[PDB]
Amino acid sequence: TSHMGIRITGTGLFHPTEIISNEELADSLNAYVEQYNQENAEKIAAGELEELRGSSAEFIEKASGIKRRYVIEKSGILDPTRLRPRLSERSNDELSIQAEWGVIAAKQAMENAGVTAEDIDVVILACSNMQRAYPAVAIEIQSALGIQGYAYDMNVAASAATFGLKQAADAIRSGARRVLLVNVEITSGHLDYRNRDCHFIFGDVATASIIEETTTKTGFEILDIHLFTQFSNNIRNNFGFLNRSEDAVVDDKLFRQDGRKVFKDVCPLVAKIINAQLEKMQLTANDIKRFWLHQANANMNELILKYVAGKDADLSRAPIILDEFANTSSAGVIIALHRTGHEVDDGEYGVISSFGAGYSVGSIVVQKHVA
């Protein structure tokens, strides 16, 4: 009863068209590993450097549940002479790529919510990486849509959507009418496509949500929010604007992870959060029609789902979209909600729970209202 009338009333989804199957990608890494492992063969049999392993489509799917992923530009990523998208600098007078994707997803969420630019007071860009420091990309999006009010960029990586939803609900509580929350994840821009353990994890996407105070629109009423962060170096990327002054050389300016430590750390934390949240609301797990969990690893989600809802929880109650999208970082829970929110009936309960880098966890109990 903290957010009476505050509802997610529309979502929108954009992905780039080109697709990389697990096989195209595992092949690409394999080529690069075969040429690196023989270019440096004199030093491989010398204890000095490195021994590179490849991978296969079946190794990816069993570690993750991922099958394919959308990407901004497929040639450069798959090319073993490059291993990164082939993009072109845009002039200042055109929409940046991040603004461009955000606008596409935003127009869809606005149409789904039945609102236009004049109805929106706040724009939040919340994702794991921003294309530039200033002017804020959220302000670029606000201006492209013709929105008046104010906008800002916000980063807490994997949990940026749930943290942003709280910030949206807070701004509405204090007087905002409606908030546009945008998540643009171009993860192919900071993915290390050379590493077998992480090159498959992420895909590209833009999501958007409309949050409004309303007693007359269909949407998900926000009932309770628990945000949590606890510093961890087990996921980290050291690229930044001070690298040039550091004359940096350490090859750690991309995604890096100790996935085993993350697995062991994150699943118990998330399950503890959700269960304490359910007890606080006096809901049982059986009262929850849908768990929209972070969309990174089906093996994590299955563990959490069993910890929270029981070994016999039906799989339809925890929709998986990472099979199609791979990990879209902050946008994951929103994709899942965008695809399956229609599966929740009026009066029924759902839980949105992000978790990942920073160690950040964000968990939101919602209830559907159909008008």
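Residues carry their position along the shown sequence, with the first being 1.
In this crystal structure, the stretch out of 305 to 313 and 52 to 60 whose C-alpha atoms carry the higher mean B factor is 52 to 60. Stretches 174 to 182 and 267 to 275 differ in mean C-alpha B factor, with the higher average recorded for 267 to 275.
Annotation for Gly146, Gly76, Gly219, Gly149: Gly76 ranks highest, by Cα B-factor. Residue set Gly240, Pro80, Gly102, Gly203: peak C-alpha B-factor at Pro80 (per PDB entry). Remark: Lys261 belongs to the highest third of its chain, ranked by C-alpha B-factor as recorded.
The entry lists a Cα temperature factor for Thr187 that places it in the middle third of the chain's modelled residues.
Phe255: CA B factor in the middle third of modelled residues in this chain (values from the PDB entry). Sort the chain's modelled residues by C-alpha temperature factor and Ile120 lands in the lowest third, per the entry. In the deposited entry, the Cα temperature factor of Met4 places it in the middle third of its chain's modelled residues.
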